[PDB]
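The next block holds one structure in the form of structure tokens; read it before the comments.
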Amino acid sequence: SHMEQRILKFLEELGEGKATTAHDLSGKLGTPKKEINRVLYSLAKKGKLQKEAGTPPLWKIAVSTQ
Amino acid sequence: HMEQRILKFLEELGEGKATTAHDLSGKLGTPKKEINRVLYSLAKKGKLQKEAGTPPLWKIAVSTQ
Amino acid sequence: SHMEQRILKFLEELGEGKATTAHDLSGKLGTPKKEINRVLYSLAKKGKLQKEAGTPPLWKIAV
Amino acid sequence: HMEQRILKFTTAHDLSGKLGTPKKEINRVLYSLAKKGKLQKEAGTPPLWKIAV
DNA sequence: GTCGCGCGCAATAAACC
DNA sequence: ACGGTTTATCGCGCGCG
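Residue numbers (the deposited numbering), protein chains in the order written: chain C, -3 to -1, 140 to 202; chain B, -2 to -1, 140 to 202; chain D, -3 to -1, 140 to 199; chain A, -2 to -1, 140 to 146, 156 to 199.
What follows is the structure, given as structure tokens:
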């Protein structure tokens, strides 16, 4: 499952403290938004990503938790 | 191309019986995003008829004149 | 519940059996149509409003 | 008429036997009534429910 | 076994003013 | 040398086995 590696790679190259939407990830990475959101919610559960509230939700690399 | 594939499948089901987009996405091997995108367009062109529900049911358009 | 009151008041200011569109509510309140529809459809599931399917949908006070 | 009976009577799973209703229809009225302010969802596995006074 | 989901929605077309 | 902006059931939050 190298879909996790490319998303974390994309959020790293986006910049410091930068966030983006799941619809934007589906467009750039060329991956259906269905698989994207399934991985995004999974990476936030692993603690590697954090979800900013909003519609749609914004996603960035987690900074706070251990 | 994808539309007639959905239409052809709804023929071999017996007139009266319907199906869901989730059921179509598996049989035709197509993501449900494209399935629903074609289904809603076939009902707007009069080719199909939508029975709204949870989830909605789709069948051949029935004339009502 | 603040934008909900602005919409509910207007639908009450306007006729006691009348309806209106989200576009009409958008201009008469200086609020984008996206924010209006967010409140309109939310009020429908709460049973506060009644929606008439159409182009565009019509919204009126329910009981 | 489910919205009326769901108030007179926990988990949505537990409500499937007390009323003989599928869990899909119970969670429907639960999240709907919770958006009407009358319910409140607890963080359980499965989640827990209770009437909000 | 969390799940309530109805979703098609624009990497659009068409219509408006 | 050139039609920008809004609509559409357009509300969408959806990840669901």
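Here a beta-carbon is modelled for each residue, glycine too, at the ideal position from N, C-alpha and C.
Here D/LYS182 is near A/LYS181, since their CB atoms are less than 8 Å apart. With a cut-off of 8 Å on Cβ pairs, the region 183 to 198 of chain D is not in contact with the region 157 to 166 of chain A, counting fewer than three such pairs. Contact annotation, B/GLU140 with B/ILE197: C-beta distance approximately 13 Å; criterion of less than 8 Å not satisfied. Proximity of A/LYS170 to chain D, defined by a Cβ-Cβ separation below 8 Å, is not satisfied. If you draw a straight line from the Cα of D/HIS(-2) to the Cα of A/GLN186, it comes to about 22 Å. Note: C/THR156 is bridge-paired with C/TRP195 in the DSSP secondary-structure output.
Counting C-beta atoms within 10 angstroms of its own C-beta, D/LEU179 has 16 or more neighbours from the protein chains shown and is therefore classed as buried. According to DSSP, B/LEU161 shares a beta bridge with no other residue.
Put simply, the backbone Cα of C/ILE172 is about 10 Å away from that of C/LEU165. In the three-state scheme derived from DSSP, where H, G and I count as helix and E and B as strand, D/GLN141 is classed as helix. When Cβ-Cβ separations below 8 Å define contact, D/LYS181 makes contact with chain A. For C/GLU171, there is no enclosing beta strand (DSSP E); the residue is found in the alpha helix (DSSP H) stretching over 169 to 181. Secondary structure note for B/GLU149: it is in no beta strand (DSSP E), with a DSSP letter that is neither H nor E. Rounded to the nearest whole angstrom, the C-alpha separation of C/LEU147 and B/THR167 is 29 Å. The alpha-carbon separation between D/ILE143 and D/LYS170 amounts to approximately 14 Å.
Annotation: the continuous beta strand (DSSP E) that includes C/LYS187 extends over 185 to 188. The C-alpha of D/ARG174 lies about 15 Å from the C-alpha of D/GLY163.
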